[PDB]
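Enquirer: Please find one structure pasted underneath; my questions will follow.
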Amino acid sequence: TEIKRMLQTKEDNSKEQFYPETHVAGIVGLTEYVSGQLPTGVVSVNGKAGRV
Amino acid sequence: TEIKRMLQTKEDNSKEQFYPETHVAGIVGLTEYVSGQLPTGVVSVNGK
Amino acid sequence: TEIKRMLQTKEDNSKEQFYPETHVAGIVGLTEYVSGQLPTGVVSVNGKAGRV
Amino acid sequence: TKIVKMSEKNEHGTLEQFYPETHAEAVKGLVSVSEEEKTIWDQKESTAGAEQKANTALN
Amino acid sequence: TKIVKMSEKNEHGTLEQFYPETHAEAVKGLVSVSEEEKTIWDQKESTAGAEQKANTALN
Amino acid sequence: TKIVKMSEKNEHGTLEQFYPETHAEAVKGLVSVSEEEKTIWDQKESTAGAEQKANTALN
Amino acid sequence: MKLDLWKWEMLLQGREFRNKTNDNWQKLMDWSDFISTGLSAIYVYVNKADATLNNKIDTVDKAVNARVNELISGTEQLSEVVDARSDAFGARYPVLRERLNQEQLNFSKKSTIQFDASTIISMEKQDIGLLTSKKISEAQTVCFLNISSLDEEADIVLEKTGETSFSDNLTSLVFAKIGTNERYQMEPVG
Amino acid sequence: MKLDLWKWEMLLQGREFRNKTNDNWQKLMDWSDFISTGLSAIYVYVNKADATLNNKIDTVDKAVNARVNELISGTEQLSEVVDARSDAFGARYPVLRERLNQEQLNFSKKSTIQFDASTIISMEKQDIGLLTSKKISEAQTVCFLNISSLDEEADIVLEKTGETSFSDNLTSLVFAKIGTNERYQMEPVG
Amino acid sequence: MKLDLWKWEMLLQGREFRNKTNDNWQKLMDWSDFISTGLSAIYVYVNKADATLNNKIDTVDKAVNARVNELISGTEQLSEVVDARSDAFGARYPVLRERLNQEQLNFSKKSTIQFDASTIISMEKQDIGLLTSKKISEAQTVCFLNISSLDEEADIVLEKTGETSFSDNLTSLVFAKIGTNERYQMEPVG
């Protein structure tokens, strides 16, 4: 819906964006994304997996 | 601990949820979660 | 570019850290991180992987 | 000297025991070994090598 | 990261030292035996176990 | 289990973790070493000693 | 000075070996002396700053009390309302109504964190709300309020012993107190 | 303690060589411990001196205020203002200006939240800002305020029919109302 | 960090000896860097605390001087309290006491954000905390306010020359100013 930037006033006058501490159990689409991760390796060859 | 979701009042009246953007270094156990889900497929083909 | 842990005051006396939810499009280095992951075993066989 | 047990209460209000994080230098009387001198005694000779060595010397 | 000696003020005004109670998994850098590993460690063989074998080979 | 990392506020407004000082009996499931049984199982049926005994029996 | 020690990239233990090691010892000695001098300089600097701060406090107190002594035995029969038109940052206002109006306009724009779900609907435009979604057990580090080494007379007093090398990162930080009827309790065993 | 290393004055790689080099290492270690302790003592001394100065500046601007207040209080002040010096919680106060000043000091320390990038420039010290970067479409789980099934309330009344298994979790709840001129409206077709 | 070094008493001059001695030198260098950083932090902390105290005494002096000046040269209006019962939005109150009590009850609910662990301990019920954990390196993107491409009189003036047909997301946005004695400063070499 909406992703925003958290600015904070630095020591002198600057407005710097900080990051918050987040949990894996809180990220919305983590499971699907990690299932769509490019590294897959070789699941099986000729119907044989593991030691072949 | 408990996790919350940060809402915000939109233009007219709606209290719409917004997400804060963060960094990979700010996620507590994503390294362990990814390593556990590392796709260990065939260990070796013909021993290689 | 700092990671700040958000603190919230509980009912009795305490002040515990809490996490906010994030979307998978929010984290700024997630796609490079999952790309950098490499499979443990045989990455590919004869230039092909997955269902081999 | 005196021994005490660390406990904490949840939001319901029931006590449960929690374990402080400690290092193996403050504790008194652990007498750890080396984490590596364990193996040199772990291997030893489990009654199999010595007997077969005796038999081989016999033959 | 610094090991400390925690004490509490007793009823006599002296800072009496007390010992927190913890768990083996809690302590970092513990290095522990596994009881059954300790069992096979102890049973092993006598100090002269590999001597009667050579004696009977010579016999 | 419920393991917490005990921490205390610094002298300049920050927080630092500290390990407390406990006792061997304070720890639970630590399976201690008597500081003597290690000596008694140091020798047991040694591997090099077995080879030396086999060689001297052959001699 | 910045410390720049000599490493050991040589091949044979010879003249260069001894020369570089002795130069490293000399550099260590010089850096130690420099660090001690820096500590002494810090002490004298903070002492001078505190001294001038105290002097400024004393002279401003003298001037302010002289102003007040001028006020007494001078103007008589003052009023509370006219006195009330001066705020705490030395900003005068024409009328007390003007002061209250400006204070309201300045303060009404502040935010208000709303934790409960029911109060979020009745929150204003400049507000945000955070309501619980799920809870994770996790492992937490506690900063005990009444546990301190530098301060005596605390509920629990700890004295430092030989620090252990290598340190970790605090996770899921929490503040609380330890004692009777608090979140974290104590009782003897047996 | 002053550092005192032993430079290599002999070429023999004997026992005393290793003994003195290990002595140098140990002296480095204990000097490091001493320097860390000195740094901690520096912090403690600075904190103590600053606390004393802060207590002095706190107490100096109390005698003056007490003098001017006892001058103004209890001479001719109106009934309305002297009854208004008592706050909502009943804590009695000196002349109304003291109440206003303390309330301003307490309230001005609060924080606002700035949404527009134009107002991020005009931030205060204790404020935080929310600047949009990009939008995500996804699917919402709007929660309607004017929709309820308690007995009859809300413009839309809900009727209980049945349940299924396979419970799901909300994603991005969008607290809002349905009807006319609202974000989600109603249109009859057929 | 604690300075941990390696001893030598084993009779060996080989490869691991060289490696561990090089590690000793590296650990010494790292501890020196840590000590220098601690020294600089001491200076910064002392300066910040002293500046805070100086600002506090400055506001004390200005506020008390303004109050005495207003008392010397002030007068009460004929109708100052009765007309000072309507707030900025016209909500008339019967008595000033009720208006002030309602204003205090409305403003006390507002929130504050505490960036220091020493202030999370003295929190409020409606407050939130922003204690810091780590500091990632990242590559900042700045939003220089004095940099302008359409002002024609800014201290630095831009002017377009071409394009690239490519863009990237802005990571860790920062608002600042380029100039003298600021966060970002320019300096010529030729």
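So basically every Cβ, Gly included, is an ideal-geometry build from the backbone, and we count neighbours across all protein chains shown. Read-outs: derived from the displayed coordinates by stated rules, not from any lab.
Enquirer: Taking I:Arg67 as the residue in question, decide whether it is crowded, with 17+ Cβ neighbours inside 10 Å and in contact with a strand residue (DSSP E or B) (Cβ under 8 Å, 6 or more places away or on another chain).
Expert: yes
Enquirer: Return the residues of segment G:69-89 that are at the interface with chain I (Cβ under 7 Å from one of its Cβ atoms) and assigned to a loop (DSSP other than H, G, I, E, B); say none if nothing qualifies.
Expert: Correct list: G:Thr75, G:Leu78, G:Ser79, G:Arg85, G:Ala88, G:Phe89.
Enquirer: Filter segment G:168-184 down to the residues that are touching a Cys at 6+ places or on another chain (Cβ under 9 Å) and not in a strand (DSSP E or B) and list them by number.
Expert: Scanning segment G:168-184 gives a single hit, G:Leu170.
Enquirer: Which residues, counting only those in segment B:12-41, are more than 9 Å from chain H (Cβ to nearest Cβ) and acidic (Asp, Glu)?
Expert: If the condition is that a residue be more than 9 Å from chain H (Cβ to nearest Cβ) and acidic (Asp, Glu), then B:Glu32 is the only one that fits.
Enquirer: So how many residues does chain B have that are among the hydrophobic types (A, V, I, L, M, F, W, C) and within 20 Å of A:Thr31 (Cβ to Cβ)?
Expert: Looking only at that region, the number is 7.
Enquirer: Any residue that is surrounded by 15 or more Cβ atoms within 10 Å (Cβ to Cβ), of a type in the set (D, E, K, R) and more than 21 Å from the chain's Cα centre (by Cα) - is there at least one of those in segment C:15-38?
Expert: Yes, segment C:15-38 contains a residue that is surrounded by 15 or more Cβ atoms within 10 Å (Cβ to Cβ), of a type in the set (D, E, K, R) and more than 21 Å from the chain's Cα centre (by Cα).
Enquirer: Among all residue pairs at least 6 apart or on different chains, which show Cβ distances below 6 Å where the first residue, located in segment C:23-38, is at the interface with another protein chain (Cβ under 7 Å from one of its Cβ atoms) and the second is surrounded by 15 or more Cβ atoms within 10 Å (Cβ to Cβ) and charged (D, E, K, R)?
Expert: C:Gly26/B:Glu21
Enquirer: Looking at G:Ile120, G:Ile136, G:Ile128, G:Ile113, which is the one that is within 8 Å of chain I (Cβ to nearest Cβ) and more than 24 Å from F:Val27 (Cβ to Cβ)?
Expert: Just one listed residue meets the conditions, G:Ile113.
Enquirer: Please specify each residue of segment F:5-59 satisfying the condition of being more than 8 Å from chain D (Cβ to nearest Cβ) and assigned to a strand (DSSP E or B).
Expert: Result: F:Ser7, F:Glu8, F:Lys9, F:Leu15, F:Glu16, F:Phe18, F:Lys28.
Enquirer: Another question about this same structure. Out of all the residues in segment H:90-137, which are of a type outside the set (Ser, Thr, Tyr), assigned to a loop (DSSP other than H, G, I, E, B) and exposed (fewer than 15 other Cβ atoms within 10 Å of the Cβ)?
Expert: H:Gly90, H:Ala91, H:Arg92, H:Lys109, H:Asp116, H:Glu124, H:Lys125, H:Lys135
Enquirer: Can you tell me which residues in segment H:120-161 are on the phi > 0 side of the Ramachandran plot and acidic (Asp, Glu)?
Expert: H:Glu138
Enquirer: Could you grab me the full set of residues in segment G:153-187 that are of a type in the set (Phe, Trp, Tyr) and within 11 Å of chain E (Cβ to nearest Cβ)?
Expert: Passing the criteria: only G:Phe166.
Enquirer: Which condition breaks for E:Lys5 when tested against (1) of a type outside the set (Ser, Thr, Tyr); (2) touching a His at 6+ places or on another chain (Cβ under 6 Å); (3) touching a residue at least 12 places away in the same chain (Cβ under 8 Å)?
Expert: Checking E:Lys5 against (1) of a type outside the set (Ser, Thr, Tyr); (2) touching a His at 6+ places or on another chain (Cβ under 6 Å); (3) touching a residue at least 12 places away in the same chain (Cβ under 8 Å), the one that fails is (2).
Enquirer: On the given criteria, is H:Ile147 in contact with a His (Cβ under 8 Å, 6 or more places away or on another chain), farther than 22 Å from I:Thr112 by Cβ and of a type in the set (A, V, I, L, M, F, W, C)?
Expert: no
Enquirer: Got a sec? Which of I:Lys20, I:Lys27, I:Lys2, I:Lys7 is closer than 19 Å to H:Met29 by Cα, surrounded by 12 or more Cβ atoms within 10 Å (Cβ to Cβ) and touching a strand residue (DSSP E or B) at 6+ places or on another chain (Cβ under 9 Å)?
Expert: I:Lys2
Enquirer: Of H:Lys110, H:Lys160, which residue is basic (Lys, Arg) and closer than 23 Å to G:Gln114 by Cβ?
Expert: When all the criteria are applied, what remains is H:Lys110.
Enquirer: Suppose the filter is part of a loop (DSSP other than H, G, I, E, B) and free of Cβ contacts under 8 Å to residues at least 40 places away in the same chain; does I:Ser165 pass it?
Expert: yes
Enquirer: Yes or no: I:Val64 closer than 27 Å to F:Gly13 by Cα, within 8 Å of chain G (Cβ to nearest Cβ) and in contact with a helix residue (DSSP H, G or I) (Cβ under 6 Å, 6 or more places away or on another chain)?
Expert: Judged against the criteria, I:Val64 is not a match.
Enquirer: Now a separate question. Residues in segment B:16-48 that are more than 24 Å from the chain's Cα centre (by Cα), buried (at least 21 other Cβ atoms within 10 Å of the Cβ) and not in a loop (DSSP other than H, G, I, E, B): how many?
Expert: Going through segment B:16-48 one residue at a time, the tally reaches 0.
Enquirer: Regarding segment G:28-35, can at least one residue be identified that is touching a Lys or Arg at 6+ places or on another chain (Cβ under 9 Å), over 30 Å from H:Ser40 (Cβ atoms) and not in a loop (DSSP other than H, G, I, E, B)?
Expert: Within segment G:28-35 (the criterion being touching a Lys or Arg at 6+ places or on another chain (Cβ under 9 Å), over 30 Å from H:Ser40 (Cβ atoms) and not in a loop (DSSP other than H, G, I, E, B)), the answer is no, since none of the residues qualifies.
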